[PDB]
Amino acid sequence: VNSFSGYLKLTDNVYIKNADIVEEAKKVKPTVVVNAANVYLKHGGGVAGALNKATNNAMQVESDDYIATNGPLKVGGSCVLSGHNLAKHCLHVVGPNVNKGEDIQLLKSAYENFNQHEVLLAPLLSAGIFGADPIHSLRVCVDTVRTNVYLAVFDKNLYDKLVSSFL
Ligand SMILES: Cc1noc(-c2ccnc(-c3ccnc4[nH]ccc34)c2)n1
């Protein structure tokens, strides 16, 4: 039993809710919140900009030190950093950005990072400003992630389309 509330169950291990991931993180304090990161951990907009804003820029400060030490992530890769006031940990995962021409097949590799964590609160990778089809992203999530994932979808209209079209 966990504290996630109001989710629709899609499969054995995948759950979905129309929610603001920032507000959901603030209420649940999950062990892991996933950020929709880029390779530079520059949290300017989308989910990343919202999560970072909610940490009063502490996420960005920590991220800049991470990059200065380690260099950029790989597309499809991830790193574990602090969850600050939102979660114990933040798993920064880099899905391909279609608006940069990155290979959508890397989306499966990106979701594989979730399997290193038993339970996660997450957005749909490569959705939103990353330019992928969120319905495709949901399909790859369900077919790749085996651990327990709670998907927060900000847009109510999109949430309804994802549920209604789910196979
Ligand atoms: C601009 C832009 N382009 O894409 C997106 C996107 C993609 C996936 N999930 C989200 C999302 C999901 C749940 N809560 C959220 N709070 C703030 C963002 C967010 C946003 N934003």
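Positions are given from 1 along the sequence. Both counts, for ligands and for their atoms, begin at 1 and track the order of listing.
For the 3.5 Å distance criterion, the side chains of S137 and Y111 qualify, holding a donor opposite an acceptor.
Regarding atom 16 (N) of ligand 1, its nearest protein heavy-atom neighbour is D20 OD1, 3.3 Å. What sits closest to atom 21 (N) of ligand 1 on the protein, heavy atoms only, is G46 CA, 3.4 Å. Among all non-hydrogen protein atoms, the one lying nearest atom 2 (C) of ligand 1 is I129 CG2, 2.6 Å. For atom 6 (C) of ligand 1, the closest non-hydrogen atom of the protein is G128 CA, 3.5 Å.
Taking the six-membered ring for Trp, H89 and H117 have ring centres at least 6.0 Å apart.
Per-residue contacts place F154 under 4.0 angstrom from the following atoms of ligand 1 (heavy atoms of the residue considered): 11 (C), 12 (C), 13 (C), 14 (N), 15 (C), 19 (C). Taking every non-hydrogen atom of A152 and a distance limit under 4.0 Å, the qualifying atoms of ligand 1 come out as 12 (C), 13 (C). Atom numbering of ligand 1 starts at 1 in the shown order; those under 4.0 Å from a heavy atom of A19 are 13 (C), 14 (N). Every atom of ligand 1 is numbered from 1 in the order shown, and the set under 4.0 Å from a heavy atom of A50 is 17 (C).
Checked by distance only, ligand 1 and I21 come closer than 3.5 Å through their nitrogen or oxygen atoms.
Counting only heavy atoms from C-beta outward, the side chains of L8 and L10 approach each other to under 4.5 Å.
For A36, no heavy-atom contact with ligand 1 is shorter than 4.0 Å.
Note: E112 CD to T144 OG1 = 6.5 Å, rounded to the nearest 0.5 Å.
Cluster annotation: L151 and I21 are assigned to distinct hydrophobic clusters (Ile/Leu/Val/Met/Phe/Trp/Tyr, side-chain heavy-atom contacts under 4.5 Å, transitive).
Proximity annotation for atom 9 (N) of ligand 1: of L151, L125, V47, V47 comes nearest, heavy atoms only.
Although no hydrogens or angles enter the test, the distance criterion places a donor-acceptor pair under 3.5 Å between the side chain of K9 and the main chain of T11.
Between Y7 and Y150, the ring-plane angle classifies as perpendicular under the 30° and 60° cut-offs.
The local environment of CZ in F154 is sparse, with at most 12 non-hydrogen atoms from other residues, nucleotides or ligands closer than 6.0 Å.
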